[PDB]
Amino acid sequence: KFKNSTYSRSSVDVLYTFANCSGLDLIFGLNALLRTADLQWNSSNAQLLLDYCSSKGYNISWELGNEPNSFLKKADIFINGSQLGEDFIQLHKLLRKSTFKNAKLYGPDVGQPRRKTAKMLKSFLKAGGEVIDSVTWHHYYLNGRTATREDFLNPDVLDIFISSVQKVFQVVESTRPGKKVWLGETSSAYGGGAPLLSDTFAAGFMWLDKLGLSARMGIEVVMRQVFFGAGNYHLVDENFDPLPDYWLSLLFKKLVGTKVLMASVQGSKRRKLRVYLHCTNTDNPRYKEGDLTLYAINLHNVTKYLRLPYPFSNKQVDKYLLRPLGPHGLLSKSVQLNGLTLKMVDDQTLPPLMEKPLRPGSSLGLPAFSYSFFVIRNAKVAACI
């Protein structure tokens, strides 16, 4: 099915310019199926690219291969984790001899940890773990061909991610204890996403829950498939218009800080009301050192009312509640923040993301099938410096 294609210096420049002009840090995946006689990685093509990027003074990080667990299916070539580890050592040596000798190297971009994938990751980290800066793996909840609306709202589907994360950390703790663990490619559903679902307000339950659990469980970076492209899990559609998950992503970035804390709901039933707690993002000009950001998902079919614990019960709280714009409900491609539709001001201008201050001492209302952020002002949490 998959055939070789070439790309140009032009294509590299297009990609680099887009990252550089957008304030993003580019990670470039190198082709791992370029193989010598005895199935060693043939680095000669990568050398041409490193030389070109070096000549243009491009600051780029590297990967080698995508989902090497499925090379036998995709290309009728089997590469074991030991050999891939050796291939990464060969790439690390090329980077060290290049103009950016301190460039970062991530891998191996394995799929989620089924038996055979866990084995490949373990043998890869034993062999090649010393030269990677982070361990990358991938996760999807569903097959986009068969995913249902009910699946997108099902806490039993959301919870499966917890076991994937625990299984990856079991492999990494056994081989390279303390190595950073990244999600290198992740979405609701694979095969380009679930039609009429992966591009809707309903996609946000999975995305916000994945971010919450990733942060809580020790994942340092989550790479969303995809910013833009062929697949309705895109954040930005074919018209360059943002979908609900773009707005959720932007709100997350504005409100949620780097220091991860913990929230939980008193009582046995913890499935359908999902809660996460971080320090507030210090870059947010409205808030101050010590403030908290709570985010919550309500998969119940009724409004829930959250009560904050002492000593936060009487604090000024800012609500940032996301609900779909009708008439298509959770299958809407439009979202409102505190009852205002989120839309570009123009092609150059994002809108303000306007808070709704709540009455101090009021319980936090979370409607059925919704998600919200809540900033606790003057929380004065010492851990948040």
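Basically, rigid core = biggest C-alpha set you can superpose within 1.5 Å across the two forms. Residue numbers run from 1 along the displayed sequence.
### Query
Fit on the core, then compare CA atoms: does 159-167 or 110-118 lie farther from this form in 6 other deposited structures of this protein?
Stretch with the larger root mean square C-alpha distance in 6 other deposited structures of this protein: 110-118.
#### Entry: Stretch farther from the shown model on average in 6 other deposited structures of this protein, with CA RMS computed after core superposition (270-278, 298-306)
After the core superposition, the stretch with higher RMS deviation in 6 other deposited structures of this protein is 270-278.
### Query
Where do the C-alpha atoms have the higher mean temperature factor in this entry, in 5-13 or in 373-381?
The stretch with the larger mean CA B-factor is 5-13.
### Query
Which is higher on average in the deposited entry, the C-alpha temperature factors of 98-106 or of 275-283?
Between 275-283 and 98-106, it is 98-106 that shows the higher mean C-alpha B-factor.
### Query
In this PDB entry, which of 63, 318, 38, 67 has the top CA B-factor?
Answer for 63, 318, 38, 67: 38, with the highest C-alpha B-factor.
### Task
By the entry's C-alpha temperature factors, tell me which of 298, 268, 188, 136 sits highest.
When the deposited C-alpha B-factors of 298, 268, 188, 136 are compared, 268 is largest.
### Message
When the deposited Cα B-factors of this chain's modelled residues are ordered and cut into thirds, is residue 184 in the lowest, the middle or the highest one?
### Response
Lowest third of the chain for residue 184's C-alpha B-factor.
### Query
Once the chain's modelled residues are ordered by C-alpha B factor and cut into thirds, is residue 368 in the lowest, middle or highest one?
It belongs to the lowest third of the chain when residues are ordered by C-alpha B-factor.
#### Entry: Lowest, middle or highest third - CA B-factor, residue 57
Residue 57: CA B-factor falls in the highest third of its chain.
### Message
Splitting the chain's C-alpha B-factors into thirds, which one does residue 343 fall into?
### Response
Answer is middle: the recorded C-alpha B-factor places it there.
### Ranked C-alpha temperature factor of residue 176 among modelled chain residues, by third
Residue 176: CA B-factor falls in the middle third of its chain.
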